[PDB]
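Residue numbers (the entry's author numbering), protein chains in the order written: chain M, 1 to 37, 46 to 436; chain k, 1 to 37, 46 to 439; chain U, 1 to 428; chain T, 1 to 428; chain H, 2 to 136; chain A, 97 to 144.
For reference, the structure is listed below as structure tokens.
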Amino acid sequence: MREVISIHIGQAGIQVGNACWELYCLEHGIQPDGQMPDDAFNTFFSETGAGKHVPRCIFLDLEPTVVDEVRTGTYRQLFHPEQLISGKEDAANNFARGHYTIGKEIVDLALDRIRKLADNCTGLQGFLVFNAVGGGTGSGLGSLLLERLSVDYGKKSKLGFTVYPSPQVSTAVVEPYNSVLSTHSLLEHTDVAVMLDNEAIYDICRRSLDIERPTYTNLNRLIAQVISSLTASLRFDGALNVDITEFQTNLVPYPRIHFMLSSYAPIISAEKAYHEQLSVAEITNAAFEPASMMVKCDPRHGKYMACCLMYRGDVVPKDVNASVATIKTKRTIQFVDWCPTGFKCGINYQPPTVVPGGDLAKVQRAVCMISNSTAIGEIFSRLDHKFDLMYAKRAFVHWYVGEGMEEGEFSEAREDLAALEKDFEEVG
Amino acid sequence: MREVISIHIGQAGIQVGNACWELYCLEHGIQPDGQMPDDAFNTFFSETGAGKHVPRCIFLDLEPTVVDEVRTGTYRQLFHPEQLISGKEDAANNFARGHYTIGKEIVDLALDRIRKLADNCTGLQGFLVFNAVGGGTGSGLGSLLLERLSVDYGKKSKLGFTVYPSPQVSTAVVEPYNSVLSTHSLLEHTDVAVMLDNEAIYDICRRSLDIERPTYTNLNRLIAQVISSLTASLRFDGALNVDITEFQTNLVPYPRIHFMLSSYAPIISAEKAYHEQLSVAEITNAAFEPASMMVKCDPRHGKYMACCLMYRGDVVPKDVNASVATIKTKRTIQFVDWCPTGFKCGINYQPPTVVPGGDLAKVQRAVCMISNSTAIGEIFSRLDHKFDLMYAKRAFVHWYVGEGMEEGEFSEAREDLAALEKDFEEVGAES
Amino acid sequence: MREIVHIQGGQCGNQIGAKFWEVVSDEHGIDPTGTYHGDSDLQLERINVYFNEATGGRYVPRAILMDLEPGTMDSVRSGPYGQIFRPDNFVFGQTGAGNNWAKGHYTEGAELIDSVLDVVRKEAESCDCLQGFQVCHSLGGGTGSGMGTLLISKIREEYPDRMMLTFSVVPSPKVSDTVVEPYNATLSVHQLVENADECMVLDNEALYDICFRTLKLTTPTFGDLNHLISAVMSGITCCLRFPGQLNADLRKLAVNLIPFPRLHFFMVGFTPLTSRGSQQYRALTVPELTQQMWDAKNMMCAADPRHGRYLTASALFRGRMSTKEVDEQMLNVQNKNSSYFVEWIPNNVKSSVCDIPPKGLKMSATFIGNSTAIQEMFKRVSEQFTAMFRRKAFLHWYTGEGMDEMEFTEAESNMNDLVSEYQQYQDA
Amino acid sequence: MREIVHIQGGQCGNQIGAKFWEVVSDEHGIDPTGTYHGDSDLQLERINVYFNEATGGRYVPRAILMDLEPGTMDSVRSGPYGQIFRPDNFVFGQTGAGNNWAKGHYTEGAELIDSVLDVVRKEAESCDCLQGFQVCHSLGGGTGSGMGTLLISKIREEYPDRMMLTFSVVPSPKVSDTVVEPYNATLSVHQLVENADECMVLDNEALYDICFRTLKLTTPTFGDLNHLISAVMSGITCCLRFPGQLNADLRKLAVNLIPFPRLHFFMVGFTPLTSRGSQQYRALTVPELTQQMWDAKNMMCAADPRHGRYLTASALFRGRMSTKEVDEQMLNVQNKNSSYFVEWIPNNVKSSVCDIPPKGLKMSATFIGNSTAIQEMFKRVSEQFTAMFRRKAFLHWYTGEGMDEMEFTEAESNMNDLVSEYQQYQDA
Amino acid sequence: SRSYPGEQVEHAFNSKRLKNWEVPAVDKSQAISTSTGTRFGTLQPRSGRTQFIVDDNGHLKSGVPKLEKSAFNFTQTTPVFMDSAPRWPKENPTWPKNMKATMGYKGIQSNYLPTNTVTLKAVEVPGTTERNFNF
Amino acid sequence: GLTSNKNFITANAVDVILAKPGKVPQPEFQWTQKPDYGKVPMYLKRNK
Ligand SMILES: Nc1nc2c(ncn2[C@@H]2O[C@H](COP(=O)(O)OP(=O)(O)OP(=O)(O)O)[C@@H](O)[C@H]2O)c(=O)[nH]1
Ligand SMILES: Nc1nc2c(ncn2[C@@H]2O[C@H](COP(=O)(O)OP(=O)(O)OP(=O)(O)O)[C@@H](O)[C@H]2O)c(=O)[nH]1
Ligand SMILES: Nc1nc2c(ncn2[C@@H]2O[C@H](COP(=O)(O)OP(=O)(O)O)[C@@H](O)[C@H]2O)c(=O)[nH]1
Ligand SMILES: Nc1nc2c(ncn2[C@@H]2O[C@H](COP(=O)(O)OP(=O)(O)O)[C@@H](O)[C@H]2O)c(=O)[nH]1
Ligand SMILES: [Mg+2]
Ligand SMILES: [Mg+2]
């Protein structure tokens, strides 16, 4: 009844889709063979007339080399085969091919799947978009897919958990280009867009979890922990139940500013749990810790326009109000004047779940923080520098203008960042 | 009392009649040897003095090479051999041969057999005509048969399921001529026509059944399913019974516009069935989906004028009503203004039957949607443009003029088709 | 029903008929004693298209062997399958034709035709519904060409409604077996334009390449080329003899191919043909067949399709195959090579199929194409004719038979008109 | 999906093509008989990138062997893995090429071309979705340089969308197999600039050093060098053939590499390479690989990158490894040795990885880098060319084939504008 | 087609409660002249003499003000609301594009049988026709 | 020598600036908008 639709685009979108959908199948006792040995699974599934629970997700991509693994992996009986969409060839780290050449003959094929995937929902909250900004399929198909959604749904809430090009660590040379073009395309079409970088989560894996051989399957396991902690109120009881509609309202001051930060606490090894107590005050303190941010942005250079908190486990409301009061007494944290408020809160009586073979520790308190800081103008600016740096010689452009783009879409997409940059200062 | 007569002309006619009758015998428990181990078979069969159920069909053709396969097959004890009608020589993909030269020798025996077949009938509902437009026999001989049937009965109702010449996939080169000729000939005589295309059904078999190499028999299985769904209400109980006259009246708005599309849902594989739920709302959405149309027409290039739906199995009228209301509220479905109404719905308690060694999956709900849209203007334009491109040079015309025709028949047919497409334009235009 | 009577005129005619009736006989499992010894009943259902039941269960062909110089008929009476023919269907003349079109058409022909026609009628009324005639020729000689055409122009009046086929072996400048070929060619062609419904033109050139390149044969003897010609003649009448999910009798193959009453010159090719070395690298699929049959190397005539534009084409597949795979291959061709097909014919290929492959294979195909490159066969001949007739060499061998000279201009003009018919419809 | 097709032009191309297919065939575990006798299902998953099914489960390569002097096509037919090619895909000529670019590109090329294009299309249609072509040249001789580029300048007009590589072996500055070698180079370079998307340059000299310094080999045979070239050609398509936590198709590797359509001259290096002595002292870690590949010794072309400035680079790793370690390593390189990298490209590396190493190893790597030191090569050949061309030495050989003198100046100046593009873009 | 207000049962007939979140088509209800102009208002009465504007076969008989090219929904004006899904006889990344066919030419033309391979020549003599086909 | 002495930087910039955007897939042509959709064609007159 409290239903959502989860979309995964590109390789990253699918590489996290394996993580999250391994979590939920575990969080509701769902065997990988569909069935299990109500109103709980109905948020992410569809109990057919006899036994089996089909997930209400859609894995969209162009390279066959990832979706076939899912078709041969253990989670192959799960997905309706028509949901897993895969093409012949990919966009090849090029925004045009994902936006003008290849994307245009598969969107409607995805829409027919999304169409029939929205009707079986009796109460819809909103779409969840997992994106990979910096590639061709994620940045190209994604932006093209959202506009087709905005004309088809318009008012519905579309969230974006868009992984973002890291400052130093980078596995691409053209990723400044297809990132800029992505934002100006999603800026007017996503309702709210969370950000997160692969490097910022690498250090989390270094300091806290103390894993020195980290891989992507060590990061995607950290993202599923966020959303499981974000959509607990949709499927689990607990005081201060909070849905998605009430999430964008008290968090997005202007129609432009919807780029936000994320955090999580605690994040500890299996053994230091036997060295700690994890009081609720300690958690929310470490939640505001810049070192616990999932983006390589520094909040201590800017001010907070809003905050959102999702607690979980053994938490009672007096201490949330007691400890938040303390953080508002601290001075390292600032708030822009025109929001004396700023703390939407949430509780859940279902502690986070642990995965066999995972790296987290069994705990009973946790916090997933989401904030809209004005310091997010710094990570924004570098993309405007490297774009402007390469665009002066117009290197690599003969590829974009070779696949159905012209010079307009470059300056067009470049000014909006300038317009958005001043917007991040007009609020000060 | 609820009895119909079936006519399978040309090759594809009997090719699909074989599937329809393997369906009906299995559905009613009739062994291939005529008899089984009332009012349920009487729609399609006739009981002799003891046990034998002979079908009330006719298989008409000009090539012995297929009627003899039928005569030698396992389905040889069924038919009165006088029903299986064959000729010494074929029409050779030539409308003139099928109409003027060859078919006029066996129309006499076809008509007297139809007379003897309709005599035993008490209450006759109508004539089903399974035809394949594009081949000389099919086209010309069906035109001749329909003219004779209209002058004989007139008051009876003729449905014609016409496998239509396809846009690109085509096993012929002259068929743009005989398609126009057959249309101009039968238009005044058929009471309703259901169009369906090999390309569209190929695409359906590809995308739904996961079969990649259908040898003209999967298409026939699908057509058999469609007719079984369409004629259920004649021989099976259920709320909202619907018969042939009710079917044609609220569906044919003008004397000219009587060609209509078709669809079916669900149509899936034995594993997607077992891994899906197929509620009635999903079924109706899939039926009204364009990618389920059995013809190569896109309904989003036009506006509906009426629709007919036949639900089968575990279906409830409130759910039917709610799904139709949802379809109406939807924005991608258009309707020509002068029909605020537009849906004739019927229900049957009998779920669709499955065949041994088949390819569909056992389901409990199914829908056969039949709509009359103003988008078949596009297929008429295609056919007319192809006829034009060819007849601009008088290509192949010597065959038609030698086999007993003249030139004026091409101009009459082309002007009739131009008028028909102008009709399909105007009657849809709104004030 | 649809009986067929078969003529074999000339040495070549009497020689390829020996293979044809050996190929078909094996296909219907009849010993050289005429007794049936097959396995299935599909050999008995339509046997009456070629044979006549006799006493004791003998099946005797509906053949007619006409030739001067009986020195060839003791060869067919010597071969393994030489005992099956009715000895009264053996019209031979004690004298010869000396490689002269005139005497094979005026002096000696006119002395056998009175008898030959009593043979052809004895087995034209033995049929309930006669389908048509078919002949085999060699346009170079005098017996095959002369008596060949003289026999034809007699059939065209006694049976104008029925259909006449012609497997003419056109001469070629590369294999100059004799000298007076061009005279014997045109004088025969002038008889084929008016008195023939279809005319497949085959050449010893392309009959040699397939043996040297495709079949990689070491010593291609005429006993091996006849194994190639006899293949297509059996590949034609499959739908007449055997069932098929899409049959195609002899007449509908004409109307679907010849738009204007003159262009009855076709071009053939059989598939599949492999070496004994490549049976190891080959797959038995339809796409393999549909590539070899369209390959311009297989065309049994030495006219290159890459210079003309296909008016129409055909394909007679055999074997229990899938019809969708053949309906789209013949479709994918025209879409790609759009220039090599005329535009005032939208879909210019006809496709047949039979469920009964040859006696040894599981899948086989046969091709017929009506291209505008067939003029090249007529350009070369009309050149050598006008080179010598301009000087009137060797002519006293034709006039001495009563012939006039005006028959040498009509026979050439009627060609040069036919050569231009094939160029109007070639828009380059 | 992602089908390739592989060309082998010339003696070298027909001799290193032997080794390439002896590496892949082992990688997918197919016996010299052709039949597959591997272990896992990972072989049969993406076999269709390089092979075609045949009866009885046998895979033949989609290679094309073109070369004059059939005296080499007996060697490949007699090599261990020679019985796997199709006998059709052997286009030879009984005439020699004479180490003359003219006749290889003007006379003897011109008649073999169509006989090769008839072949390439017979396996350009066999593909489901063609990825692109790839060639193995040798810019010294006449077969690889004359028929090589002439084949390219034909492939480019029938398949311009697709993507063609070039593993061109270039002439050597100190080693001179032949005397005319400078001419056959420049006149061939002038073809690669306009009809090649990517072109790696290999020289036998760096192949000799790596064979003497790293491998410490006593007798480097030609069959040993090609074990290096065939090692990197197989190292490109590891993402095409096997899963990987960061896969990279071939197309996305080019766009991230060439900023402008002309600077497609790359530089390769394979790792790890070690004697049978140092296999005792070496550790199989990622910092070992990235140290050896960035060295100025693995550069299989004899140009020193410390004289130029890397525009971009790449790395294709294989073996279950940590995806962070491979990112922080490549991150350090740009920061420590920050002078050899350009300024207007912020992040100028790309990093892929595949879960499947080579058959006999556990971890490997592969390097591609588009430097500006590559202009030292084109300087060397442009000194020897303008030396002997100034006096028309050995010129009567080229002009006898219909060539002229402008065909030299064009090809020379087209190397001068090219050698400055690499210079003006190299701002120290 | 229009949607006339079913007054007491007008609730539970919005698109939402019918599980349709796709920006409902409201013109089918707004073309009507209801009192409040919305789904819940009652409509208006008429005199009801009901003239004709059309002869027997459609084809608006007089100069009735009509919109041309309706009932067609042309491509140049089809908002992204309306859109088609391509079907099989058409290339697309989802279904496989099976193999195609081309014609491969005869070979290198000669005076003997055409061959694919080029051979040496004993008598070069520029511009002369001498071969040894027999080997 | 014939050195060009042109600024390849500016040349490539101008080429990228003034270039055709590329190839986009055209929409499937509609037959409802065929010019003769309503009326009888011309050549039929001369055929009569
Ligand atoms: N958190 C996380 N990020 C990933 C993962 N895999 C790749 N990324 C990052 O996603 C970005 C590119 O990923 P892709 O999905 O391949 O890009 P794309 O949209 O598919 O574009 P194409 O590769 O051209 O098809 C890079 O920045 C990666 O670092 C993963 O497994 N987890
Ligand atoms: N759905 C379906 N279509 C078929 C089948 N067989 C043939 N068709 C189509 O019917 C058309 C030809 O009709 P035919 O009946 O074979 O020709 P005809 O009417 O008998 O005329 P003649 O061949 O001259 O005797 C072709 O377009 C076929 O694609 C079948 O078994 N199923
Ligand atoms: N394919 C084929 N052609 C033949 C054969 N025998 C002769 N030909 C050709 O027949 C031509 C001469 O005609 P021929 O039949 O020998 O003398 P005719 O009796 O006057 O017609 C020559 O071009 C021969 O090459 C044969 O057995 N097979
Ligand atoms: N790596 C490698 N290089 C070779 C080999 N054989 C020849 N080369 C080089 O190829 C160059 C000449 O080209 P070649 O292929 O031999 O003659 P071509 O057919 O006319 O091109 C010479 O510089 C040889 O050194 C080989 O087997 N391996
Ligand atoms: Mg990607
Ligand atoms: Mg027929």
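The C-beta atom is built at its ideal place from N, Cα and C for all residues, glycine as well.
Quick one: grab the DSSP three-state call for residue 373 of chain k.
-> Sequence index remark: in the second sequence, residue 373 of chain k carries index 365 (1-based). DSSP places residue 373 of chain k in strand when its eight states are reduced to three.
Identity of the residue in k:186, k:187, k:198 nearest residue 158 of chain k by Cα | For the purposes of this step, residue 158 of chain k is taken as residue 150 along the second sequence, with counting starting at 1. The shortest C-alpha separation from residue 158 of chain k is found at k:198.
Please confirm if residue 284 of chain k has its CB atom under 8 Å from at least one CB of chain A.
-> In the second sequence, residue 284 of chain k corresponds to position 276, counting from 1. Not an interface residue.
Same chain, Cβ closer than 8 Å to residue 16 of chain H, five either side skipped, listed in chain order | Mapped onto the fifth sequence, residue 16 of chain H falls at position 15. Closer than 8 Å at Cβ, skipping near neighbours: 22, 23, 25.
Starting from the beta carbon of residue 126 of chain M, find every residue of chain H whose beta carbon is closer than 7 Å, and list them in chain order.
-> Position 118 of the first sequence, counted from the first residue, corresponds to residue 126 of chain M. Correct list: 22.
At a Cβ cut of 9 Å, what residues of the stretch 393-406 of chain k count as close to chain A, listed as they run along the chain?
-> 393, 396, 399, 400, 402
Bridge partner(s) assigned by DSSP for residue 67 of chain k = Along the second sequence, one-based indexing puts residue 67 of chain k at 59. Bridge partners of residue 67 of chain k: k:8, k:92.
Where do the ends of the beta strand (DSSP E) carrying residue 330 of chain U lie?
-> As a first step, residue 330 of chain U is located in the third sequence; it is residue number 330 there, counting from the start. Taken as a continuous stretch (DSSP letters only), residue 330 of chain U belongs to no beta strand (DSSP E), being part of the alpha helix (DSSP H) at 324-336.
Examine the Cβ distances between the stretch 160-177 of chain k and the stretch 240-260 of chain k and report whether three or more of them are shorter than 8 Å.
-> yes
For residue 201 of chain U, decide whether its Cβ has a neighbour in chain H, counting only Cβ atoms nearer than 8 Å.
-> One-based indexing of the third sequence puts residue 201 of chain U at position 201. False, the Cβ-Cβ gap to chain H never drops below 8 Å.
heavy atom of ligand 2 below 7 Å from residue 98 of chain k C-beta | Here residue 98 of chain k refers to the residue found at position 90 when the second sequence is read from its first residue. The answer is yes for residue 98 of chain k.
How about the stretch 422-437 of chain k and the stretch 112-123 of chain k: do they share at least three Cβ pairs that are nearer than 8 Å?
-> When Cβ pairs closer than 8 Å are counted between the two stretches, the stretch 422-437 of chain k is seen not to touch the stretch 112-123 of chain k, the count staying below three.
Cut-off 8 Å between Cβ atoms - residues of its own chain near residue 339 of chain U, not counting five sequence neighbours on either side | Your numbering for residue 339 of chain U matches position 339 in the third sequence. Contacts found: 309.
Comparing the C-beta of residue 108 of chain A with each C-beta of chain M, is any distance below 8 Å?
-> Locating residue 108 of chain A in the sixth sequence gives position 12, where the first residue counts as 1. Yes, residue 108 of chain A lies at the interface with chain M (some Cβ there is under 8 Å from its Cβ).
Around the Cβ of residue 18 of chain H, are there at least 16 other Cβ atoms within 10 angstroms (buried) or fewer (exposed)?
-> Indexing the fifth sequence from 1 puts residue 18 of chain H at position 17. Flag for residue 18 of chain H reads exposed.
With DSSP as the reference, label residue 392 of chain k as helix, strand or coil.
-> Indexing the second sequence from 1 puts residue 392 of chain k at position 384. Residue state, collapsed to three classes: helix.
Say yes only if the C-beta of residue 11 of chain k is nearer than 7 Å to one or more non-hydrogen atoms of ligand 6, and no if none qualify.
-> Counting from 1 along the second sequence, the entry for residue 11 of chain k is found at position 11. Yes, Cβ of residue 11 of chain k sits closer than 7 Å to a heavy atom of ligand 6.
Cβ-heavy atom distance between residue 116 of chain H and ligand 4 below 7 Å?
-> Reading the fifth sequence from its first residue, position 115 is the one you call residue 116 of chain H. Checking every heavy atom of ligand 4 against the Cβ of residue 116 of chain H, none is found closer than 7 Å.
Would residue 205 of chain U count as contacting chain H if we go by Cβ distances under 8 Å?
-> Position 205 of the third sequence holds residue 205 of chain U. True, the Cβ-Cβ gap to chain H drops below 8 Å.
Assuming residue 62 of chain U contacts residue 5 of chain U (C-beta within less than 8 Å), just tell me the rounded distance between them.
-> Numbered from 1 along the third sequence, position 62 holds the residue referred to as residue 62 of chain U. Numbered from 1 along the third sequence, position 5 holds the residue referred to as residue 5 of chain U. The pair is a contact, with the Cβ atoms about 5 Å apart (cut-off 8 Å).
Residues bridged to residue 199 of chain T [DSSP beta-bridge criterion] | Taking the first residue of the fourth sequence as position 1, residue 199 of chain T is located at position 199. According to DSSP, which records beta bridges pairwise, residue 199 of chain T is partnered with T:265.
Where residue 91 of chain H meets chain T, residues with beta-carbon distance less than 7 Å | One-based indexing of the fifth sequence puts residue 91 of chain H at position 90. Correct list: empty, because the minimum Cβ distance to chain T is about 15 Å.
Within the 8 Å Cβ cut-off, does residue 130 of chain A reach chain k?
-> Taking the sixth sequence and counting its residues from 1, the one referred to as residue 130 of chain A is at position 34. So, interface residue.
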